[PDB]
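*Asks:*
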Amino acid sequence: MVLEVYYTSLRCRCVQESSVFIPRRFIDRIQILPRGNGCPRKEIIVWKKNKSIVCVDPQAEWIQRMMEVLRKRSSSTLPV
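Just so it is clear: in the sequence shown, position 24 is 23 by the deposited numbering, and no numbers are missing.
Set out below in C-alpha coordinates:
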(Lines of atoms letter the chains of each structure in order from A and count residues from 1; the text may use other names and numbers.)
(Lines give C-alpha, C1' and ligand atoms only; values in the text may rest on other atoms or scores of the structure.)
Protein backbone atom coordinates (compact mmCIF):
# COMPACT_ATOMS: atom_id res chain seq x y z
CA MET A 1 0.00 0.00 0.00
CA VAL A 2 1.03 3.56 -0.83
CA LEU A 3 0.11 6.71 1.08
CA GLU A 4 0.40 9.89 -1.01
CA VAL A 5 0.23 13.38 0.55
CA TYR A 6 -0.23 16.23 -1.94
CA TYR A 7 1.09 19.56 -0.64
CA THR A 8 -0.56 21.46 -3.43
CA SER A 9 -3.03 24.34 -3.60
CA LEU A 10 -5.45 23.10 -6.20
CA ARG A 11 -9.24 23.12 -6.28
CA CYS A 12 -11.19 20.39 -4.50
CA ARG A 13 -11.35 17.01 -6.24
CA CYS A 14 -14.31 15.53 -4.34
CA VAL A 15 -17.98 16.44 -4.64
CA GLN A 16 -19.12 14.02 -1.94
CA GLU A 17 -17.62 12.14 0.99
CA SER A 18 -18.32 8.54 1.99
CA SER A 19 -18.07 7.34 5.58
CA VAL A 20 -18.43 3.65 4.64
CA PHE A 21 -15.70 1.40 6.05
CA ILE A 22 -13.11 0.22 3.53
CA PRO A 23 -11.12 -2.81 4.77
CA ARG A 24 -7.39 -2.16 4.56
CA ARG A 25 -6.89 -5.30 2.44
CA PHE A 26 -8.85 -3.67 -0.42
CA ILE A 27 -6.79 -0.46 -0.48
CA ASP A 28 -4.06 0.01 -3.08
CA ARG A 29 -3.41 3.71 -2.44
CA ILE A 30 -4.59 6.48 -0.15
CA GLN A 31 -4.21 10.10 -1.27
CA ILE A 32 -4.35 12.88 1.30
CA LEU A 33 -4.82 16.47 0.18
CA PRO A 34 -4.53 18.83 3.15
CA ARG A 35 -6.73 21.81 2.82
CA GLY A 36 -5.31 25.15 1.76
CA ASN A 37 -6.34 28.14 -0.23
CA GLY A 38 -7.52 26.13 -3.23
CA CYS A 39 -9.77 23.66 -1.41
CA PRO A 40 -11.17 24.63 2.03
CA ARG A 41 -11.42 21.02 3.28
CA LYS A 42 -9.02 18.13 3.67
CA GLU A 43 -9.71 15.41 1.11
CA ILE A 44 -8.84 11.70 1.42
CA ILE A 45 -9.14 9.58 -1.72
CA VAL A 46 -8.96 5.78 -1.43
CA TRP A 47 -7.97 3.70 -4.46
CA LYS A 48 -9.51 0.28 -4.06
CA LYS A 49 -8.25 -2.96 -5.50
CA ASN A 50 -11.37 -3.31 -7.66
CA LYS A 51 -10.42 0.11 -9.25
CA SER A 52 -13.13 2.06 -7.43
CA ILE A 53 -11.93 5.52 -6.36
CA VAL A 54 -13.60 6.79 -3.24
CA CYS A 55 -13.54 10.15 -1.53
CA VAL A 56 -13.71 9.49 2.19
CA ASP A 57 -14.85 11.64 5.10
CA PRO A 58 -11.62 12.61 6.89
CA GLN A 59 -13.52 12.70 10.22
CA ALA A 60 -14.77 9.11 9.89
CA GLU A 61 -13.56 7.13 12.87
CA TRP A 62 -12.29 4.25 10.76
CA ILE A 63 -10.08 6.43 8.62
CA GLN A 64 -8.67 8.25 11.66
CA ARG A 65 -7.81 4.93 13.32
CA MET A 66 -6.20 3.73 10.09
CA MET A 67 -4.15 6.87 9.76
CA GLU A 68 -2.79 6.29 13.26
CA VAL A 69 -1.60 2.85 12.20
CA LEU A 70 0.04 4.39 9.14
CA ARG A 71 1.71 7.09 11.22
CA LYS A 72 3.12 4.69 13.79
CA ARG A 73 4.53 2.42 11.04
CA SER A 74 6.00 5.18 8.89
CA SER A 75 9.61 4.49 9.97
CA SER A 76 9.33 0.73 10.57
CA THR A 77 6.51 -1.54 9.46
CA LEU A 78 7.51 -4.19 12.01
CA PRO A 79 4.45 -4.89 14.18
CA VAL A 80 5.87 -3.89 17.57
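Where is the CB? At the ideal position from N, CA and C, for every residue including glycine.
Give the DSSP-derived three-state secondary structure of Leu69 in the structure shown.
*Replies:* Translated into the one-based positions of the sequence shown, residue 69 becomes position 70. Three-state DSSP puts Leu69 in a helix.
*Asks:* Using the rule of at least 16 other Cβ atoms within 10 Å of the residue's Cβ for burial, across every protein chain shown, is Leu77 buried or exposed?
*Replies:* As a working note, residue 77 is residue 78 in the sequence shown. Flag for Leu77 reads exposed.
*Asks:* Could you tell me whether the region 68–75 touches the region 48–55, using the rule of 3 or more Cβ pairs below 8 Å?
*Replies:* Not touching, per the Cβ criterion.
*Asks:* In the DSSP assignment, what are the bridge partners of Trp46?
*Replies:* In the sequence shown, counting from the first residue as 1, residue 46 sits at position 47. Note: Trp46 sits in a beta bridge opposite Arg28 and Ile52.
*Asks:* Nearest CA to the CA of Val45: which residue from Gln58, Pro39, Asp56 and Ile29?
*Replies:* Locating residue 45 in the sequence shown gives position 46, where the first residue counts as 1. Checking every option, the nearest Cα to that of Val45 belongs to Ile29.
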